[PDB]
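> My file is data-v8.cif. It has mmCIF, N, CA and C atoms:
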```
data_data
#
loop_
_atom_site.group_PDB
_atom_site.id
_atom_site.type_symbol
_atom_site.label_atom_id
_atom_site.label_comp_id
_atom_site.auth_asym_id
_atom_site.auth_seq_id
_atom_site.Cartn_x
_atom_site.Cartn_y
_atom_site.Cartn_z
ATOM 1 N N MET A 1 162.818 135.939 132.781
ATOM 2 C CA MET A 1 161.380 136.176 132.820
ATOM 3 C C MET A 1 160.959 136.540 134.247
ATOM 4 N N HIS A 2 160.217 137.621 134.458
ATOM 5 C CA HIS A 2 159.536 137.746 135.759
ATOM 6 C C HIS A 2 158.412 136.709 135.792
ATOM 7 N N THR A 3 158.428 135.832 136.788
ATOM 8 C CA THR A 3 157.416 134.813 137.020
ATOM 9 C C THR A 3 156.724 135.056 138.383
ATOM 10 N N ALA A 4 155.592 134.414 138.554
ATOM 11 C CA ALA A 4 154.659 134.483 139.666
ATOM 12 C C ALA A 4 155.158 133.726 140.892
ATOM 13 N N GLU A 5 155.667 134.495 141.851
ATOM 14 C CA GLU A 5 156.205 133.910 143.069
ATOM 15 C C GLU A 5 155.083 133.577 144.039
ATOM 16 N N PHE A 6 155.198 132.449 144.713
ATOM 17 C CA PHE A 6 154.191 131.967 145.639
ATOM 18 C C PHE A 6 154.910 131.614 146.933
ATOM 19 N N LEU A 7 154.513 132.227 148.051
ATOM 20 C CA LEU A 7 155.252 131.846 149.262
ATOM 21 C C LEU A 7 154.711 130.563 149.843
ATOM 22 N N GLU A 8 155.602 129.871 150.555
ATOM 23 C CA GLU A 8 155.204 128.666 151.268
ATOM 24 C C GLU A 8 154.354 129.041 152.474
ATOM 25 N N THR A 9 153.136 128.529 152.595
ATOM 26 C CA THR A 9 152.370 128.962 153.782
ATOM 27 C C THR A 9 151.861 127.751 154.559
ATOM 28 N N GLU A 10 151.526 127.957 155.825
ATOM 29 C CA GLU A 10 151.017 126.970 156.758
ATOM 30 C C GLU A 10 149.549 126.631 156.493
ATOM 31 N N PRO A 11 149.051 125.533 157.047
ATOM 32 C CA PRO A 11 147.641 125.159 156.943
ATOM 33 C C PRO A 11 146.708 126.274 157.433
ATOM 34 N N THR A 12 145.526 126.304 156.850
ATOM 35 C CA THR A 12 144.567 127.354 157.186
ATOM 36 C C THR A 12 144.169 127.306 158.651
ATOM 37 N N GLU A 13 144.162 128.461 159.333
ATOM 38 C CA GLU A 13 143.630 128.435 160.701
ATOM 39 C C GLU A 13 142.107 128.597 160.637
ATOM 40 N N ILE A 14 141.401 127.845 161.464
ATOM 41 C CA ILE A 14 139.939 127.965 161.457
ATOM 42 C C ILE A 14 139.518 129.405 161.804
ATOM 43 N N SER A 15 140.249 130.030 162.711
ATOM 44 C CA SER A 15 139.970 131.411 163.131
ATOM 45 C C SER A 15 140.009 132.393 161.971
ATOM 46 N N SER A 16 140.771 132.082 160.919
ATOM 47 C CA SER A 16 140.832 132.959 159.760
ATOM 48 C C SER A 16 139.579 132.942 158.913
ATOM 49 N N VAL A 17 138.754 131.898 159.001
ATOM 50 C CA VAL A 17 137.747 131.625 157.992
ATOM 51 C C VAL A 17 136.340 132.157 158.315
ATOM 52 N N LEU A 18 136.003 133.249 157.649
ATOM 53 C CA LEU A 18 134.742 133.965 157.741
ATOM 54 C C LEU A 18 133.808 133.662 156.593
ATOM 55 N N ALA A 19 134.367 133.228 155.456
ATOM 56 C CA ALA A 19 133.646 133.070 154.207
ATOM 57 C C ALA A 19 132.421 132.180 154.267
ATOM 58 N N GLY A 20 132.389 131.193 155.157
ATOM 59 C CA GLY A 20 131.219 130.322 155.226
ATOM 60 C C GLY A 20 129.971 131.093 155.625
ATOM 61 N N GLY A 21 130.145 132.297 156.191
ATOM 62 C CA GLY A 21 128.992 133.053 156.607
ATOM 63 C C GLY A 21 128.311 133.899 155.576
ATOM 64 N N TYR A 22 128.885 134.162 154.403
ATOM 65 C CA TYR A 22 128.176 135.083 153.501
ATOM 66 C C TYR A 22 128.368 134.782 152.019
ATOM 67 N N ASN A 23 128.394 133.492 151.685
ATOM 68 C CA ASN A 23 128.620 133.048 150.319
ATOM 69 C C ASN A 23 127.374 132.927 149.458
ATOM 70 N N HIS A 24 126.215 133.263 149.995
ATOM 71 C CA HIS A 24 124.931 133.096 149.336
ATOM 72 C C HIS A 24 124.059 134.321 149.656
ATOM 73 N N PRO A 25 123.233 134.803 148.741
ATOM 74 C CA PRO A 25 122.443 136.017 149.011
ATOM 75 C C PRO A 25 121.515 135.850 150.204
ATOM 76 N N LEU A 26 120.979 134.670 150.487
ATOM 77 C CA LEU A 26 120.154 134.592 151.702
ATOM 78 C C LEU A 26 120.995 134.801 152.953
ATOM 79 N N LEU A 27 122.256 134.356 152.945
ATOM 80 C CA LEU A 27 123.081 134.552 154.129
ATOM 81 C C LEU A 27 123.440 136.028 154.295
ATOM 82 N N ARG A 28 123.618 136.714 153.165
ATOM 83 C CA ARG A 28 123.939 138.140 153.336
ATOM 84 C C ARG A 28 122.752 138.866 153.959
ATOM 85 N N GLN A 29 121.549 138.325 153.908
ATOM 86 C CA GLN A 29 120.374 138.851 154.582
ATOM 87 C C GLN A 29 120.347 138.515 156.071
ATOM 88 N N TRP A 30 120.614 137.259 156.372
ATOM 89 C CA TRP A 30 120.796 136.657 157.674
ATOM 90 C C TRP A 30 121.814 137.403 158.528
ATOM 91 N N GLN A 31 122.803 137.994 157.862
ATOM 92 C CA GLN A 31 123.878 138.668 158.565
ATOM 93 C C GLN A 31 123.411 140.035 159.095
ATOM 94 N N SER A 32 122.230 140.494 158.704
ATOM 95 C CA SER A 32 121.796 141.824 159.169
ATOM 96 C C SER A 32 121.282 141.779 160.595
ATOM 97 N N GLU A 33 121.644 142.749 161.434
ATOM 98 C CA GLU A 33 121.071 142.648 162.791
ATOM 99 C C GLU A 33 119.573 142.903 162.757
ATOM 100 N N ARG A 34 119.123 143.643 161.746
ATOM 101 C CA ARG A 34 117.673 143.746 161.582
ATOM 102 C C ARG A 34 117.280 144.088 160.159
ATOM 103 N N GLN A 35 116.121 143.546 159.758
ATOM 104 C CA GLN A 35 115.669 143.777 158.392
ATOM 105 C C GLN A 35 114.773 145.022 158.264
ATOM 106 N N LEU A 36 114.864 145.635 157.119
ATOM 107 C CA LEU A 36 114.111 146.759 156.588
ATOM 108 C C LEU A 36 112.676 146.350 156.290
ATOM 109 N N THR A 37 111.687 146.811 157.060
ATOM 110 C CA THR A 37 110.272 146.513 156.828
ATOM 111 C C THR A 37 109.549 147.849 156.553
ATOM 112 N N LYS A 38 108.365 147.780 155.978
ATOM 113 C CA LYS A 38 107.606 148.974 155.609
ATOM 114 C C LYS A 38 107.248 149.817 156.825
ATOM 115 N N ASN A 39 106.897 149.155 157.923
ATOM 116 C CA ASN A 39 106.396 149.915 159.067
ATOM 117 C C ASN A 39 107.473 150.683 159.829
ATOM 118 N N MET A 40 108.718 150.672 159.375
ATOM 119 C CA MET A 40 109.843 151.384 159.935
ATOM 120 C C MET A 40 110.001 152.788 159.372
ATOM 121 N N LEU A 41 109.279 153.011 158.280
ATOM 122 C CA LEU A 41 109.395 154.197 157.485
ATOM 123 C C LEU A 41 108.408 155.294 157.958
ATOM 124 N N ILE A 42 108.977 156.470 158.088
ATOM 125 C CA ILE A 42 108.227 157.683 158.420
ATOM 126 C C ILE A 42 108.460 158.716 157.336
ATOM 127 N N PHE A 43 107.396 159.223 156.709
ATOM 128 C CA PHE A 43 107.523 160.137 155.586
ATOM 129 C C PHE A 43 107.204 161.588 155.959
ATOM 130 N N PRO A 44 108.080 162.545 155.759
ATOM 131 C CA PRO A 44 107.751 163.943 156.092
ATOM 132 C C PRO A 44 106.769 164.554 155.094
ATOM 133 N N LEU A 45 105.850 165.349 155.631
ATOM 134 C CA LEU A 45 104.895 166.122 154.849
ATOM 135 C C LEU A 45 105.094 167.598 155.170
ATOM 136 N N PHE A 46 105.100 168.451 154.159
ATOM 137 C CA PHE A 46 105.140 169.888 154.413
ATOM 138 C C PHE A 46 103.758 170.471 154.118
ATOM 139 N N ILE A 47 103.041 170.900 155.159
ATOM 140 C CA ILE A 47 101.682 171.403 154.910
ATOM 141 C C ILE A 47 101.729 172.920 154.748
ATOM 142 N N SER A 48 101.178 173.423 153.659
ATOM 143 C CA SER A 48 101.043 174.847 153.355
ATOM 144 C C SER A 48 99.782 175.445 153.968
ATOM 145 N N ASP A 49 99.720 176.739 154.275
ATOM 146 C CA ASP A 49 98.421 177.282 154.733
ATOM 147 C C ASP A 49 97.507 177.601 153.549
ATOM 148 N N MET B 1 79.446 152.633 206.319
ATOM 149 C CA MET B 1 79.666 152.199 204.944
ATOM 150 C C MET B 1 81.167 152.009 204.702
ATOM 151 N N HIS B 2 81.608 150.880 204.160
ATOM 152 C CA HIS B 2 82.976 150.866 203.613
ATOM 153 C C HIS B 2 82.974 151.721 202.345
ATOM 154 N N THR B 3 83.825 152.738 202.301
ATOM 155 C CA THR B 3 84.011 153.624 201.161
ATOM 156 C C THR B 3 85.458 153.503 200.627
ATOM 157 N N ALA B 4 85.651 153.993 199.426
ATOM 158 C CA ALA B 4 86.851 153.967 198.607
ATOM 159 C C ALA B 4 87.896 154.974 199.075
ATOM 160 N N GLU B 5 88.899 154.448 199.775
ATOM 161 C CA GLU B 5 89.957 155.292 200.308
ATOM 162 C C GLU B 5 90.979 155.608 199.228
ATOM 163 N N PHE B 6 91.468 156.833 199.217
ATOM 164 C CA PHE B 6 92.412 157.305 198.222
ATOM 165 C C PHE B 6 93.561 157.960 198.977
ATOM 166 N N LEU B 7 94.791 157.481 198.772
ATOM 167 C CA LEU B 7 95.851 158.152 199.535
ATOM 168 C C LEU B 7 96.292 159.420 198.846
ATOM 169 N N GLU B 8 96.801 160.337 199.669
ATOM 170 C CA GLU B 8 97.370 161.570 199.143
ATOM 171 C C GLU B 8 98.699 161.272 198.462
ATOM 172 N N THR B 9 98.869 161.616 197.192
ATOM 173 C CA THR B 9 100.179 161.270 196.601
ATOM 174 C C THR B 9 100.820 162.502 195.970
ATOM 175 N N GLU B 10 102.130 162.454 195.774
ATOM 176 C CA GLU B 10 102.958 163.492 195.190
ATOM 177 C C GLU B 10 102.799 163.568 193.671
ATOM 178 N N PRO B 11 103.237 164.657 193.051
ATOM 179 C CA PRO B 11 103.226 164.802 191.595
ATOM 180 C C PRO B 11 103.965 163.655 190.894
ATOM 181 N N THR B 12 103.518 163.363 189.688
ATOM 182 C CA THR B 12 104.099 162.251 188.938
ATOM 183 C C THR B 12 105.575 162.473 188.656
ATOM 184 N N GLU B 13 106.414 161.453 188.887
ATOM 185 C CA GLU B 13 107.811 161.618 188.468
ATOM 186 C C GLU B 13 107.929 161.229 186.990
ATOM 187 N N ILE B 14 108.706 161.993 186.241
ATOM 188 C CA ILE B 14 108.867 161.663 184.821
ATOM 189 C C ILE B 14 109.460 160.251 184.663
ATOM 190 N N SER B 15 110.368 159.890 185.554
ATOM 191 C CA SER B 15 111.010 158.568 185.532
ATOM 192 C C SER B 15 110.007 157.430 185.634
ATOM 193 N N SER B 16 108.848 157.677 186.251
ATOM 194 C CA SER B 16 107.828 156.646 186.358
ATOM 195 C C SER B 16 107.122 156.346 185.055
ATOM 196 N N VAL B 17 107.142 157.260 184.084
ATOM 197 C CA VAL B 17 106.213 157.220 182.970
ATOM 198 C C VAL B 17 106.752 156.549 181.695
ATOM 199 N N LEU B 18 106.290 155.327 181.484
ATOM 200 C CA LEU B 18 106.614 154.460 180.364
ATOM 201 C C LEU B 18 105.537 154.439 179.305
ATOM 202 N N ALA B 19 104.298 154.763 179.695
ATOM 203 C CA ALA B 19 103.120 154.614 178.861
ATOM 204 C C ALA B 19 103.177 155.316 177.519
ATOM 205 N N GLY B 20 103.913 156.417 177.402
ATOM 206 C CA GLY B 20 103.975 157.109 176.118
ATOM 207 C C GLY B 20 104.608 156.239 175.044
ATOM 208 N N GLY B 21 105.321 155.178 175.452
ATOM 209 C CA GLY B 21 105.959 154.338 174.470
ATOM 210 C C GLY B 21 105.137 153.250 173.852
ATOM 211 N N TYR B 22 103.961 152.890 174.366
ATOM 212 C CA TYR B 22 103.280 151.744 173.742
ATOM 213 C C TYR B 22 101.758 151.830 173.765
ATOM 214 N N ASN B 23 101.241 153.041 173.559
ATOM 215 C CA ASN B 23 99.809 153.291 173.603
ATOM 216 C C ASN B 23 99.072 153.092 172.289
ATOM 217 N N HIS B 24 99.768 152.681 171.244
ATOM 218 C CA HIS B 24 99.228 152.554 169.902
ATOM 219 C C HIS B 24 99.810 151.282 169.264
ATOM 220 N N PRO B 25 99.064 150.546 168.454
ATOM 221 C CA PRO B 25 99.588 149.289 167.891
ATOM 222 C C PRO B 25 100.833 149.508 167.046
ATOM 223 N N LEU B 26 100.995 150.627 166.354
ATOM 224 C CA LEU B 26 102.265 150.777 165.627
ATOM 225 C C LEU B 26 103.440 150.893 166.587
ATOM 226 N N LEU B 27 103.237 151.509 167.756
ATOM 227 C CA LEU B 27 104.346 151.626 168.694
ATOM 228 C C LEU B 27 104.686 150.262 169.295
ATOM 229 N N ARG B 28 103.655 149.438 169.489
ATOM 230 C CA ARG B 28 103.997 148.119 170.045
ATOM 231 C C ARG B 28 104.837 147.338 169.042
ATOM 232 N N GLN B 29 104.833 147.683 167.769
ATOM 233 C CA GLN B 29 105.694 147.107 166.749
ATOM 234 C C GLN B 29 107.112 147.667 166.788
ATOM 235 N N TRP B 30 107.199 148.980 166.874
ATOM 236 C CA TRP B 30 108.375 149.802 167.062
ATOM 237 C C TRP B 30 109.219 149.356 168.250
ATOM 238 N N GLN B 31 108.547 148.816 169.265
ATOM 239 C CA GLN B 31 109.226 148.425 170.485
ATOM 240 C C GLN B 31 109.993 147.107 170.285
ATOM 241 N N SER B 32 109.796 146.426 169.165
ATOM 242 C CA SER B 32 110.491 145.138 168.986
ATOM 243 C C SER B 32 111.940 145.334 168.587
ATOM 244 N N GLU B 33 112.870 144.572 169.164
ATOM 245 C CA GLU B 33 114.249 144.803 168.692
ATOM 246 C C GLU B 33 114.407 144.332 167.256
ATOM 247 N N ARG B 34 113.566 143.383 166.850
ATOM 248 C CA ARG B 34 113.569 143.047 165.426
ATOM 249 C C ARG B 34 112.258 142.430 164.980
ATOM 250 N N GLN B 35 111.905 142.728 163.722
ATOM 251 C CA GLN B 35 110.640 142.220 163.204
ATOM 252 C C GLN B 35 110.787 140.854 162.510
ATOM 253 N N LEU B 36 109.740 140.087 162.606
ATOM 254 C CA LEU B 36 109.458 138.795 162.001
ATOM 255 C C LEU B 36 109.253 138.940 160.501
ATOM 256 N N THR B 37 110.179 138.468 159.662
ATOM 257 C CA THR B 37 110.054 138.518 158.204
ATOM 258 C C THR B 37 110.050 137.065 157.683
ATOM 259 N N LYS B 38 109.597 136.869 156.460
ATOM 260 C CA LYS B 38 109.485 135.535 155.874
ATOM 261 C C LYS B 38 110.840 134.852 155.752
ATOM 262 N N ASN B 39 111.861 135.623 155.390
ATOM 263 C CA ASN B 39 113.149 134.989 155.108
ATOM 264 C C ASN B 39 113.899 134.516 156.351
ATOM 265 N N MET B 40 113.322 134.635 157.538
ATOM 266 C CA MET B 40 113.860 134.192 158.803
ATOM 267 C C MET B 40 113.494 132.754 159.136
ATOM 268 N N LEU B 41 112.525 132.259 158.374
ATOM 269 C CA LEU B 41 111.903 130.990 158.614
ATOM 270 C C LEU B 41 112.628 129.851 157.855
ATOM 271 N N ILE B 42 112.868 128.806 158.612
ATOM 272 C CA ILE B 42 113.447 127.565 158.092
ATOM 273 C C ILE B 42 112.507 126.419 158.399
ATOM 274 N N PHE B 43 112.072 125.669 157.383
ATOM 275 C CA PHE B 43 111.087 124.617 157.563
ATOM 276 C C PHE B 43 111.696 123.213 157.510
ATOM 277 N N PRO B 44 111.548 122.373 158.508
ATOM 278 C CA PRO B 44 112.113 121.014 158.433
ATOM 279 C C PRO B 44 111.319 120.116 157.484
ATOM 280 N N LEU B 45 112.058 119.292 156.748
ATOM 281 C CA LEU B 45 111.499 118.274 155.870
ATOM 282 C C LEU B 45 112.008 116.913 156.325
ATOM 283 N N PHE B 46 111.136 115.920 156.386
ATOM 284 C CA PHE B 46 111.590 114.562 156.675
ATOM 285 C C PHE B 46 111.526 113.746 155.383
ATOM 286 N N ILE B 47 112.686 113.388 154.829
ATOM 287 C CA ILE B 47 112.655 112.661 153.552
ATOM 288 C C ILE B 47 112.710 111.161 153.825
ATOM 289 N N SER B 48 111.767 110.417 153.277
ATOM 290 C CA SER B 48 111.688 108.958 153.345
ATOM 291 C C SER B 48 112.509 108.289 152.248
ATOM 292 N N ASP B 49 113.004 107.065 152.417
ATOM 293 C CA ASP B 49 113.667 106.419 151.262
ATOM 294 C C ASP B 49 112.642 105.787 150.319
#
```
Please go through the file and, once you have read it, give me the structure as structure tokens.


Amino acid sequence: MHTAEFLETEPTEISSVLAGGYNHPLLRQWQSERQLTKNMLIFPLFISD
Amino acid sequence: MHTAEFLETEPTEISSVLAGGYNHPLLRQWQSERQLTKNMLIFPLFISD
């Protein structure tokens, strides 16, 4: 039978662990360097004669 | 009479001129590296037993 091989691995290094930062939708917001607000938006208008 | 003395000065250097960046309230918003949104706020609660 081909079976599921699992290698022997060492304890988790703290340096490896990023997951605590984005496990919840509010944190995925928190991770943004800046949020999208209405006053950031500029809308083009084409004026005809 | 003491009168209002005005010194002779040279033409404006472009490097001196910052005013075009914040003459309107929308620009003073634009100048922020990031805007204040509701989801940035964390409120402390003191729970009693």

> Do you know which residues the PyMOL selection byres ((chain A and name CA) within 9 of (chain B and name CA)) returns on this file, as a PyMOL selection string?

chain A and resi 26+29-30+33-37+39-40

> Which distance in Å separates atom C of residue 28 (chain A) and atom C of residue 12 (chain A), to one decimal?

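Straight-line distance from atom C of residue 28 (chain A) to atom C of residue 12 (chain A) works out to 24.8 Å.
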
> Quick check, in Å to one decimal: how far apart do CA of residue 38 (chain A) and CA of residue 20 (chain B) lie?

22.4 Å

> Between atom N of residue 22 (chain B) and atom C of residue 42 (chain A), what is the distance in Å, rounded to a tenth?

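These two atoms are separated by 18.6 Å.
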
> Step one, run DSSP on the backbone; step two, keep only residues of chain A assigned to alpha helix (DSSP H); then write them as JSON, numbers by chain.

{"A": [25, 26, 27, 28, 29, 30]}

> Would you export the selected residues with N, CA and C atoms as a CSV table (one decimal), in the frame of the given file, please?


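Wrote part28.csv, looks like this:
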```
chain,number,residue,atom,x,y,z
A,25,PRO,N,123.2,134.8,148.7
A,25,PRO,CA,122.4,136.0,149.0
A,25,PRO,C,121.5,135.8,150.2
A,26,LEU,N,121.0,134.7,150.5
A,26,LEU,CA,120.2,134.6,151.7
A,26,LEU,C,121.0,134.8,153.0
A,27,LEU,N,122.3,134.4,152.9
A,27,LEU,CA,123.1,134.6,154.1
A,27,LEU,C,123.4,136.0,154.3
A,28,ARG,N,123.6,136.7,153.2
A,28,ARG,CA,123.9,138.1,153.3
A,28,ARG,C,122.8,138.9,154.0
A,29,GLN,N,121.5,138.3,153.9
A,29,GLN,CA,120.4,138.9,154.6
A,29,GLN,C,120.3,138.5,156.1
A,30,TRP,N,120.6,137.3,156.4
A,30,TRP,CA,120.8,136.7,157.7
A,30,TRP,C,121.8,137.4,158.5
```

> Once 5 Å is added on each side, what are the centre and the three edge lengths, in Å to one decimal, of the axis-aligned box enclosing the listed atoms of region 41-49 of chain B? Present them as JSON.


```
{"center_x": 112.4, "center_y": 119.0, "center_z": 154.5, "size_x": 12.6, "size_y": 36.5, "size_z": 18.3}
```

> Starting from the incomplete input, reconstruct N, CA, C and O atoms of region 9-32 of chain A and report them as a JSON list (two decimals), keeping the file's coordinate frame.


```
[["chain", "number", "residue", "atom", "x", "y", "z"],
["A", 9, "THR", "N", 153.14, 128.53, 152.60],
["A", 9, "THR", "CA", 152.37, 128.96, 153.78],
["A", 9, "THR", "C", 151.86, 127.75, 154.56],
["A", 9, "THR", "O", 151.78, 126.64, 154.05],
["A", 10, "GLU", "N", 151.53, 127.96, 155.82],
["A", 10, "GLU", "CA", 151.02, 126.97, 156.76],
["A", 10, "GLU", "C", 149.55, 126.63, 156.49],
["A", 10, "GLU", "O", 148.88, 127.37, 155.76],
["A", 11, "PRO", "N", 149.05, 125.53, 157.05],
["A", 11, "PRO", "CA", 147.64, 125.16, 156.94],
["A", 11, "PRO", "C", 146.71, 126.27, 157.43],
["A", 11, "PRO", "O", 147.08, 127.06, 158.30],
["A", 12, "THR", "N", 145.53, 126.30, 156.85],
["A", 12, "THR", "CA", 144.57, 127.35, 157.19],
["A", 12, "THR", "C", 144.17, 127.31, 158.65],
["A", 12, "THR", "O", 143.86, 126.24, 159.20],
["A", 13, "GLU", "N", 144.16, 128.46, 159.33],
["A", 13, "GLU", "CA", 143.63, 128.44, 160.70],
["A", 13, "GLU", "C", 142.11, 128.60, 160.64],
["A", 13, "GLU", "O", 141.60, 129.38, 159.83],
["A", 14, "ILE", "N", 141.40, 127.84, 161.46],
["A", 14, "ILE", "CA", 139.94, 127.96, 161.46],
["A", 14, "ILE", "C", 139.52, 129.40, 161.80],
["A", 14, "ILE", "O", 138.56, 129.89, 161.19],
["A", 15, "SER", "N", 140.25, 130.03, 162.71],
["A", 15, "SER", "CA", 139.97, 131.41, 163.13],
["A", 15, "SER", "C", 140.01, 132.39, 161.97],
["A", 15, "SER", "O", 139.37, 133.46, 161.99],
["A", 16, "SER", "N", 140.77, 132.08, 160.92],
["A", 16, "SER", "CA", 140.83, 132.96, 159.76],
["A", 16, "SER", "C", 139.58, 132.94, 158.91],
["A", 16, "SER", "O", 139.33, 133.85, 158.12],
["A", 17, "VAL", "N", 138.75, 131.90, 159.00],
["A", 17, "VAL", "CA", 137.75, 131.62, 157.99],
["A", 17, "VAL", "C", 136.34, 132.16, 158.32],
["A", 17, "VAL", "O", 135.64, 131.55, 159.11],
["A", 18, "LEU", "N", 136.00, 133.25, 157.65],
["A", 18, "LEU", "CA", 134.74, 133.96, 157.74],
["A", 18, "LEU", "C", 133.81, 133.66, 156.59],
["A", 18, "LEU", "O", 132.58, 133.77, 156.67],
["A", 19, "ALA", "N", 134.37, 133.23, 155.46],
["A", 19, "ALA", "CA", 133.65, 133.07, 154.21],
["A", 19, "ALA", "C", 132.42, 132.18, 154.27],
["A", 19, "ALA", "O", 131.45, 132.35, 153.53],
["A", 20, "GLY", "N", 132.39, 131.19, 155.16],
["A", 20, "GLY", "CA", 131.22, 130.32, 155.23],
["A", 20, "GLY", "C", 129.97, 131.09, 155.62],
["A", 20, "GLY", "O", 128.86, 130.61, 155.42],
["A", 21, "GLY", "N", 130.15, 132.30, 156.19],
["A", 21, "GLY", "CA", 128.99, 133.05, 156.61],
["A", 21, "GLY", "C", 128.31, 133.90, 155.58],
["A", 21, "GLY", "O", 127.18, 134.35, 155.85],
["A", 22, "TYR", "N", 128.88, 134.16, 154.40],
["A", 22, "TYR", "CA", 128.18, 135.08, 153.50],
["A", 22, "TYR", "C", 128.37, 134.78, 152.02],
["A", 22, "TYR", "O", 128.47, 135.70, 151.20],
["A", 23, "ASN", "N", 128.39, 133.49, 151.68],
["A", 23, "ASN", "CA", 128.62, 133.05, 150.32],
["A", 23, "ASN", "C", 127.37, 132.93, 149.46],
["A", 23, "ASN", "O", 127.46, 132.52, 148.29],
["A", 24, "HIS", "N", 126.22, 133.26, 150.00],
["A", 24, "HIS", "CA", 124.93, 133.10, 149.34],
["A", 24, "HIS", "C", 124.06, 134.32, 149.66],
["A", 24, "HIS", "O", 124.16, 134.82, 150.79],
["A", 25, "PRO", "N", 123.23, 134.80, 148.74],
["A", 25, "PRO", "CA", 122.44, 136.02, 149.01],
["A", 25, "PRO", "C", 121.52, 135.85, 150.20],
["A", 25, "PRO", "O", 121.25, 136.84, 150.91],
["A", 26, "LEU", "N", 120.98, 134.67, 150.49],
["A", 26, "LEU", "CA", 120.15, 134.59, 151.70],
["A", 26, "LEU", "C", 121.00, 134.80, 152.95],
["A", 26, "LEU", "O", 120.57, 135.34, 153.98],
["A", 27, "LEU", "N", 122.26, 134.36, 152.94],
["A", 27, "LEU", "CA", 123.08, 134.55, 154.13],
["A", 27, "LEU", "C", 123.44, 136.03, 154.29],
["A", 27, "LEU", "O", 123.56, 136.51, 155.42],
["A", 28, "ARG", "N", 123.62, 136.71, 153.16],
["A", 28, "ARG", "CA", 123.94, 138.14, 153.34],
["A", 28, "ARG", "C", 122.75, 138.87, 153.96],
["A", 28, "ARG", "O", 122.95, 139.93, 154.55],
["A", 29, "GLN", "N", 121.55, 138.32, 153.91],
["A", 29, "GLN", "CA", 120.37, 138.85, 154.58],
["A", 29, "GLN", "C", 120.35, 138.51, 156.07],
["A", 29, "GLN", "O", 120.09, 139.38, 156.91],
["A", 30, "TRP", "N", 120.61, 137.26, 156.37],
["A", 30, "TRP", "CA", 120.80, 136.66, 157.67],
["A", 30, "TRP", "C", 121.81, 137.40, 158.53],
["A", 30, "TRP", "O", 121.76, 137.43, 159.76],
["A", 31, "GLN", "N", 122.80, 137.99, 157.86],
["A", 31, "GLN", "CA", 123.88, 138.67, 158.56],
["A", 31, "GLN", "C", 123.41, 140.04, 159.10],
["A", 31, "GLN", "O", 124.16, 140.64, 159.84],
["A", 32, "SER", "N", 122.23, 140.49, 158.70],
["A", 32, "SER", "CA", 121.80, 141.82, 159.17],
["A", 32, "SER", "C", 121.28, 141.78, 160.60],
["A", 32, "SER", "O", 120.52, 140.90, 160.98]]
```
